[PDB]
Every structure is written in structure tokens, then in C-alpha cells.
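Chain residues, written in single-letter form:
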Amino acid sequence: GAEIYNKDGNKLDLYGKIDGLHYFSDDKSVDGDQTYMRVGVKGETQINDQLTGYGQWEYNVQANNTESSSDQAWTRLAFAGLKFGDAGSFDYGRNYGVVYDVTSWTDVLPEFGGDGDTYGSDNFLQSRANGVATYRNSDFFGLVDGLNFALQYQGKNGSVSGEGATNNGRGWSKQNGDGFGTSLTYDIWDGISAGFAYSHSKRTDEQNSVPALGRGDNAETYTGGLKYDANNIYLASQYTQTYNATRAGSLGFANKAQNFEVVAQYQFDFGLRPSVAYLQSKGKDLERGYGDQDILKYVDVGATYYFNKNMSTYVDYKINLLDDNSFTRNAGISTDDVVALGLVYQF
Amino acid sequence: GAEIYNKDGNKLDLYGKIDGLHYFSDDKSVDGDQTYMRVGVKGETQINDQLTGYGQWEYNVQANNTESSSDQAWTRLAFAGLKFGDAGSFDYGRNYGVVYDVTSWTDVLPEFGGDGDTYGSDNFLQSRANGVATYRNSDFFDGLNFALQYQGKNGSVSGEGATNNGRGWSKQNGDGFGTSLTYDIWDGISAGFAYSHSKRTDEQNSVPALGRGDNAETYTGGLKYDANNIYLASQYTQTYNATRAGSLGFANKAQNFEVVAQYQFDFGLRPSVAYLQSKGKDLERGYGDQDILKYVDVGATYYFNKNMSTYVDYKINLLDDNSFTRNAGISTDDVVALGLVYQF
Amino acid sequence: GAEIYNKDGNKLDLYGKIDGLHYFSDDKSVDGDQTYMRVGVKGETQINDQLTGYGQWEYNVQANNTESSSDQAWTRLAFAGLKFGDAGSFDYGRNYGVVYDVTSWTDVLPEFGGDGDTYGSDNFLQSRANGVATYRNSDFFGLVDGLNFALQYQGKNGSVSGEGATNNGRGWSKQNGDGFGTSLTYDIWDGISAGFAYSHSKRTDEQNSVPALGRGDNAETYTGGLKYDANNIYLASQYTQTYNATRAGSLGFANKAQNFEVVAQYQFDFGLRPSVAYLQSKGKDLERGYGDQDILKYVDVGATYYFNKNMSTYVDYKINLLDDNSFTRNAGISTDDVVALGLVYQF
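Residues numbered from 1 in each chain as written, not as in the entry; some residues may be left out. Chains lettered and ligands numbered in written order. Heavy atoms only, no water.

### Looking at the side chain of A:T118
Residue and element names in this part refer to chain A. Relative to the assigned elements, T118 resides in the loop between α1 (100-103) and β8 (128-137). By relative accessible area, which is 3% here, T118 ends up buried. If sequence neighbours within four positions are ignored, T118 has contacts with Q126, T246, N259, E261, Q280, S281 and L296. (Helix = DSSP H or I, 4+ residues; strand = E, 2+ residues; numbered from the N terminus. Buried < 20%, exposed > 50% of the residue type's maximum accessible area, 1.4 Å probe, protein only. Contact = heavy atoms within 4.5 Å.)

Structure follows, in C-alpha cells:
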């Protein structure tokens, strides 16, 4: 929270956290210090009785490498928008894709989970993305309480140079063409919710030529999710079928993929919040003889102790169930277990 | 604005904007998402009845690329200074060159214009620069503002012409100075003049193919009308070895001209029309006289209030594609910009 | 200072400085504009009567290069911690090594001194380091007033690739293995203090193979310091003996080294604060025929004028006493004088 300005209908919210974090793992690419911090600003201005303008900015700053290292900070979110009361809201910039409106229900683990597992950042509309225009409608205007739907469009994010280039070029793993997404969530009963999400994007020419894995003109995602959040109990499950949209590590994309996440949590009155979860990502029809491969598969057990709204500490144990093989080695998929210890100050 | 601290005579101002921006162009180096944000801090402390100290920092953060991209943020401004009441002020750090005291009068377009057009950043004293010492005097000890500015050498990465903060030839400079003078002859009518003289580095005279000379010079004159919901501003600058000729180097001499007309409606709409051109002369490699920049700008901005706005800007590029534009990398396509800005 | 939030027992402090700085030197790697700024956040939350949580973040942003330059900003500090009253405190993240608890007594020069001289940043536990767990006890609980001790542990910070790698790899100069440190300072009077510091770390494989200078499995530092700070007079001395821990420029580490810093200052009532100091770093038993070599040696004279608590200006003159030879030339150690002019706004 930490509202630092609230004068003349203009509110400024300064949020962020400092996370002293350490990983223990046989994977040397993962083991070691993981300390980082986040800094953010939420701003809001009242234009008239029916119109409110807003903007948000979220910045990730790593603190686990030296003062001469490179690329230690990056923007997670940055968008400006207008809210027209019950009509809805629209914003554009770097924001979360609507697919995350459902898959975030399982992104509640102490440390692991979320982007970088079954889905990644800058991975079409599955997570945070560049240049997304998002329309959101709350409670179906004034009709149905708990019914939310969103419509989203994303412009092409092409290559660095060449015919498929845009001003903000990237590598094939983080490219996209013109695409759209839609999400729909409803609370059938108190504490129980169901959600659906769909996204369809054009694939770029470099995605079909540079990597060895993944061929197709369109990336598609079908997502369904459930949530129970009542009586100090949190239960969430999420199943997604992707087409030419799930990353197969360094090697490319999977032609088809089935991702599944499920998590169970309980919140004690004195602050402890133990958590158990299972995540898997099944790839199908891979090129170069890989065929059907496990991209992700692990069981997560951990807990978080909340001192208050500004301080917490946690332990997270990722029990990796992947078997080391040619695919995991060539794609760069980690198969070792990791234990995470964190102490977080939030503001 | 958004002053967040004001206790015991010390004020701290937190300003900035978040700009959801998108470009439409046949030029692939320009087309696509352009979302960025800026965050800044203005600080002021009162030392005594006649002395006030201050510092400012302005930071640009791009938001149009991935979380693994590189060089997405940079400092636009960072300087500390002392104010001697009405007598004037002195400050040092990364600040605008005094040439911008006049050329900023035309830097009022919805999206385009300013640095990156007839002049650039780190381009001698034309815009934001490193290591500038600036003295400013108000009402000339009335209504007449004068500035004297000095900039230390900003050399190469290594070699004889190196400094601790080395750069490439396009953004290098030697020891230089500038001076500016603006006056309001009538209510709402202003005239300005600016001069700049800098030593050029050896790499600027050896590495690029275009531009040869020991000194960079700038002569600028400007007019501005700002009254009755009407804004009119014009600016003419003649440079010598100071206007960039794209990737190829500098123009030996160049004539830049900017003019803009705007109207502010009471309900928030602000349409804008402008014309910009950059004529390079006496270029090497057989180029001779070349158009570096030439376009007509039309657009408008709607201000919801002091914290929220939306704008569209259309750059009608009048440059003809030829050997010079292709080799220098100068865009000749049109650009359309759509933006939604939150300010704090 | 500049506390911007203080509500419901949660305080947020926003600090920093803007330093308009210029160096004059025959050394082209040092001469020119050195303008930079610092921004920091100090946060504190009260959990209960006996427990307080906190976090701090410090960010360095250079302003002396262009808007197209690279790696102009980096994190100096980022850690989260808990205070259990008189029992002590613990924090983890990027923080100062306990050796600096003593050597900071001489880090009081107008511009020079500190990191980059006898010791550097990311240099085992001598200065700011990644992934340090620090326990600190003040006044020996409540029993011995003015007696402070600290115990510190640092995990391995290995290479970018290979067997000795961690997730946050660096080059050999800023690598470390598992290490620990301890510090002890006592205030005999309110202005007279004595301090001791010890540090022991395992060395990485790249530190013994890539550089030409410095061989050994363990890095050690022994530090003792004296300080007088009363009656507008500041006197401080610090002597450190290192083993395979002092950097010998580009060539590697010194097998053993003796560092000495001494500084004398006086504070006038009208704001002027003249300063004189001497710093030296004597290397011993260097390979390739270097033997005993001077790594650092200069006399510092300067002054700082404080306008108030938020504005200051200073001049600092480094009179370099190093003679140019084969070692200084090959290691890249500057032997020229430097004059610094600074104007600082603080918030």
C-alpha cells in the first residue's frame, strides 16, 4: 500500500517489497543468492463523476549480483487507463494477458509457480506482455454480481531486424504477431469461482524458421480454472491446452501442450500458511525425434509465516519429478530439487 | 507536481508520467509499441535569506520490450545547484544545453519534435548533455533572462581523446561554451537568441565519413507568441559541424527551421500543426546538399485534467528516398502515434 | 532522511543525494564528469512489543554518460531483517560485510577513500557483498553499554559457468566461496572507540586459475581500528592484514597485504570541514617476480562546506605517491593525481 499522495482527487500509491532470498539446489544455474526487490507506483485521478483515469508502474530490481553486472532491472508493468464507472475500463501498455485472469488462481505458492513454469513472461498473452489493449467489464455492468469478462488485443512484437521486425524487436521465444485474448470468471457461490480464457495470436516468421521445434501460423490457448477461497481454505486448479504457444525450453515451442496446476492452502489465525501444489506440462508432437516430452513436473510443499501486512518469511520445497534425458539437457530444463528461504519486507 | 515532502523548509517533488504509446508506420524501426514512463524528483532546501539549494533528477524507463532486454532505462537529467535569490543561479550535472532555452519554444508537439529531429540528445549544447555548468540570470539584474554555460570534454572510450565517460563520435564533445538570451518584448510575445561553440574531438574528425572541422558552432534565433488560447513559435538555427547527418557523421553546415501553431479550446482539446526541416550543406562523399529532415506535423491532444491526457500525432514525411537517406539511415515514411498519458 | 510515510506503526524513509561531480586528472580513465545520484528506501514495521521488521534498498544511478550508454545503474544495498529488541537482529540480502564495521571509520573523506582503494565492493566481506546473513548485537544485550558485536555468513558466489558456478556468477575478481566474518567495537567513552574485525572465506577455483597473481584456498582479513569523534575533532586509523583477499589490480590478488588508513578532521562552526588523510596498501610475496609491491599509496587533503543538512560542496585533492613501474602499469593502477569538485543536494 503506502499511499503517499492524496490531494484534490489525485491519489498516488507507492508499493513494493524487498525479498532476501536464497536457493539451495544441485542445479548450479539455480543454486545461490536470489535477493531482489520490487518498486511500484499506482496512480489515480478523478476526471468527473463517471470518469477516472489511472496509471500503474512496476519495476523489478535484482540484488544478487555485483555492481558491475548487467541487466539487473526491468519493468514488469507499465500502463495508463480510463475507468468509466459501470461501463468498464480500458488501458494500454505493458500489462498481464487475460489468460492470467484464470491461471493466477494457482500462482499462490510461497516462491515457485507462476510465470517460468507452465507459462512464461512475454509468452503471447499467457503472462505480462508488451503493447496490450485491455477492456474489462465488472459485474456485467450492474446485472450479475461476480461476473467479470475481459477483451484484449496485442499488436505484433517482431524481430530485431529483417522483414518481420518492429521497433521493439526480440528473439523468437518472446515474439508475437497480432493476437487477441478473452477471459471470463464467475463466482457461482460464495468463495467458489470458475473461469475460462481463450487467446489466439499470429506466430512470427522467425518462430517458424530459427528454432527446431514448433511449426504453425497461429498460437492458441484454452484455459479453465476453479477456485475455492473461504473458511481459511484456498483451493485452486487450472488446466490449459496450448497450440504452438508453450515454450519447449531453448529448443522452441511445443506443437501441442497440456498444462495442469493444482494447489491447496490453509491460513491459520496466528499467521502460518502451509501450501501443497502440483504442476505439470506435457508436450506433444515435438520435432527432431523428441515426440512427447515432459516440460515441467513437480510437487511443491512449503509454508509462509505472516508477521503482519508488511513482513513475512517463507520456506518452499520444489520436489522435481522430471527424469534427466536428452530433451531436458538439450532444452535446458532443470531436473533437480530446490529449497527456497525468504524474508520479505513489504511497503 | 505531487509534492510529497515539505517540512522544515525542505521540499521534495515527485513528478513523472506513464505513457501508453503506439506507433503506426511502414518503417519497421519505428512501427509498434512505444510504451515508456518517466519518474523525476525535484528537491529544494532553503539555506538562508539569500541562498537556496536545489537538485533535480529525471529518469526515463522504457516499457515496450521484454524483461530480459538490455539498456531500457537512462537518466535524462541529474544536477545540483544554488540559487542566489533574484540574482540568479548556478548548477552542475546533466542538464539541458542553453540552445534549448530557445529551441524548446517549438518543442510543443503532441508526440514528435524536439530531440531526435533537427537536434539530438548528447549533441553538444543543443539538448541534454553531460557535465554542463550553467549560470542563469533573471531580469538582467527586467524580464530579460541570460545564461552562460560551460561543458567539459566528453571524449572517447579509450585512446588519447578518452575521458572516464567515453562515448562514440556521435555523442562526443570537447571543451565548449554556450550563451542564451530571451526577452518578452510585449505581453505574450518573446524573442530569443542562443550561441554555442565547442571543440570537436579527433574521433569525430577521423571515424565518420561526413563532417570535418575543429569547432562546432550553433546560431539560433526564435520567436514565440503565447496568449489568447493561441500558441505560435518559430525557431531557426544555423549549425557548423554540429548537426548530425544520420549514421554517416555530421553536416559541415546545416540550416534548421521549426515553426508550430496551436490553439487551446476551453473544453480540453488542443489541435496542433507544425513544420520541421533540416538542410545539410557541403557534405562529403559526393552528397553535397541533402535534406536531413523534412516533414509536416498535424495532431491534437485532449486533456481530461492536469493528470490525464490522450493525443494523436501524424508525421507527414516529405523526404524523398535517395542514396543519402538510405546510407545515413534516415526514415522517409509517415508515422501515426496514439497515446494515453497519466501524470503524477 | 525525508520520511514520507508513517502510519499504523509502519514508517517509510526516502533518502538519497544528487552529486554534481567533476574529476581533474592526467589519468584519462578518471578525468572528466563524474555526476551521479543515489536513491534509497528505509522501511520499518512494528510486529509486536519485542519484534520489529525492517528492510532497506539503496540504488546508484550514474549521470555522467549518454542516454544510450550501458550499465549506468546498480544496487548498492538490499536486505530485509528482524529486530528482537536487546536480543539482537538478523538480516539477509546485499549488505556490508562486517569488516566495514571497523574500516568505515576512515571512510570519511570528502570524495576519495572507501571502496576502490585498500578494499573494494564485492570483495569478500570487506564491503558491500551479495547474500550475507548478518546477526548484530548492540550494547551486549543490556549488560555492557557501548559494546557491539556482529556475526556474519556469506554463501558461495561462483562463476558464470563450470563446476564452480552459482546462479549469480561473476568474474574471479568478485567471486567468493562460503565464508564468515565477525566484528567487535567498544566505546570506552562517548567519543573514543576501538574496533576489531575478522573474515575468513573459501576461494573459488577461477580465482586460483584465471589470474596470474594470488594462490590459496582461503581468504583472510584481520582488522583493527581506532576512532576519536568528539569536540568537533575526528581522528581515525585502521590497519588490516589480508591473505589472498586484496586485489592487485588486473593481475589478481596479493598473497598477503598490509593496508593502512588514517584521517584527521576538524568541524568549524560556520560549516567548513577540512580533512587530511593517508592511505596505503603494501602487497607482499607476489608471483612473476613482483615480490613486494605498493598497490595503493597517496596523501589526501580537502574540505567540505556544509550549507545545511541538505546541501554541501567539497574539494578533494589526491596526492598520489605511487611511482610508475612494471607492476602499476601491468595491473592498471593509477599513479596520477586527482582533484574533485562536488556540489551535493541531499534528501
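### A few points about the pattern of salt bridges
Across all of its chains, the model carries 29 salt bridges over all chains by this definition. We note a salt bridge from A:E67 to C:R94, for which the minimum N-O separation is 3.0 Å. Note that A:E67 is positioned in the loop between β5 (52-62) and β6 (73-83) and C:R94 in strand β7 (residues 89-96), a pairing that runs across two chains. Given the relative accessible area of 0%, C:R94 is considered buried. In this structure, the salt-bridge partner of C:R329 is C:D324, at a minimum N-O distance of 3.9 Å. Of the two residues, C:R329 and C:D324, neither departs from the other in class, the shared state being exposed. Here the salt bridges share partners, and the residues they tie into one network are A:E67, C:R94, C:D115, C:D122 and C:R128. (Salt bridge = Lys/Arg side-chain N within 4 Å of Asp/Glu carboxyl O.)

### Some words on the interface of chain A and chain C
Opposite the 39 residues of chain A that make contact, chain C presents 43 residues. Around 3100 Å² of area is buried between chain A and chain C when both sides are counted, 59% of it from carbon and sulfur atoms. It is A:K28, A:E67 and A:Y345 in chain A that bury the most area against chain C; as a group they hold 23% of the surface buried on that side. Put simply, chain A and chain C have 2 salt bridges between them. Between the two partners, chain A and chain C, sit 22 residue pairs in polar contact. Mapped onto the side of chain A that touches chain C, the elements with two or more residues apiece are β1 (3-7), β2 (10-25), β3 (32-33), β5 and β18 (338-346) of chain A. When residues of the side of chain A that touches chain C are assigned to their parent elements, the largest contribution, 5 residues, is made by β2(A). (Buried area = accessible area lost by both parts, 1.4 Å probe. Polar contact = N/O pair within 3.5 Å; in protein donor to acceptor, adjacent residues only side chain to side chain.)

### As for the side chain of B:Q264
Residue and element names in this part refer to chain B. Here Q264 lies in the loop between β14 (253-263) and β15 (269-283). A relative accessible area of 18% places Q264 in the buried class. A polar side-chain atom of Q264 sits 3.3 Å from the main-chain carbonyl oxygen of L269. Apart from the residues lying within four places of it in its own chain, the contact partners of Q264 are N229, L269, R270 and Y303.

### Side note on the interface of chain B and chain A
With 39 residues of chain B at the contact, the number on the chain A side is 43 residues. Of the roughly 3100 Å² buried at the junction of chain B and chain A (both faces included), carbon and sulfur atoms supply 60%. If one sorts the elements of the side of chain B that touches chain A by residue count, strand β2 (residues 10-25) of chain B sits on top with 5 residues. Its residues placed into classes, the side of chain B that touches chain A shows 17 nonpolar, 15 polar and 7 charged. (Nonpolar A, V, L, I, M, F, W, Y, C, P; charged D, E, K, R; others polar.)

### Some details on a negative patch on the surface
Residues B:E160, B:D202, B:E203 and B:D214 make up a contiguous surface patch of negative charge. By secondary structure assignment, the location of B:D214 is in the loop between α2 (202-206) and β12 (215-227). (Patch = residues over 30% accessible without salt bridge, like charges linked within 9 Å, V, L, I, M, F, W, Y side chains within 5 Å. Areas by Shrake-Rupley, 256 points an atom, 1.4 Å probe, with all protein chains shown as cover. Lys, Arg positive; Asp, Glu negative; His and termini not counted. Charge placed at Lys NZ, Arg CZ, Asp CG, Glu CD.)

### A look at the environment of C:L296
Residues and elements named next belong to chain C. If you trace the backbone, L296 turns up in strand β16 (residues 291-308). For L296, a relative accessible area of 8% corresponds to the buried category. Counting along the chain gives 13 residues from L296 to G283, while the straight-line C-alpha distance between them is 9.1 Å. Discounting residues that sit within four places of it in the chain, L296 has contacts with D117, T118, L279, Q280, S281 and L322.

### Here we look at the pairing of strand β18 (residues 335-343) of chain B
Residues and elements named next belong to chain B. For β2 and β18, the ladder comprises 9 bridges, and the chain directions are antiparallel. Each residue of the ladder has a partner; that of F24, found in β18, is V336. The pairing of strand β17 (residues 308-317) with β18 spans 8 bridges and is antiparallel. Paired with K315 across the strands is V335, a residue of β18. (Pairing = 2+ DSSP bridges.)

### A closer look at the packing of aromatic side chains
The way to describe two aromatic rings as a pair is by their centre distance and the angle between their planes. Taken as a whole and assessed by the stated rule, the structure comprises 50 aromatic pairs over all chains. Measuring from centroid to centroid gives 6.1 Å for B:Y219 and B:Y240, while their planes differ by 90°, and the two rings are edge-to-face. On the criterion of sequence distance, the pair formed by B:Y219 in strand β12 and B:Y240 in strand β13 (residues 230-240) is long-range, its members being 21 residues apart. For B:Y240, a relative accessible area of 31% puts it in the partly exposed group. Aromatic ring contacts, followed pair by pair, group A:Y135, A:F140, A:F141 and A:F149 into a single cluster. Sitting above the plane of the A:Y15 ring, A:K42 keeps its charged end 5.5 Å from the centroid. If you follow B:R200 out to its NZ or CZ, it ends over the ring of B:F250, 5.1 Å from the centre. (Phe/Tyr/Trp six-rings, centres within 6.5 Å; stacked < 30°, edge-to-face > 60°. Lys NZ or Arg CZ within 6 Å of the ring centre and 35° of its normal.)

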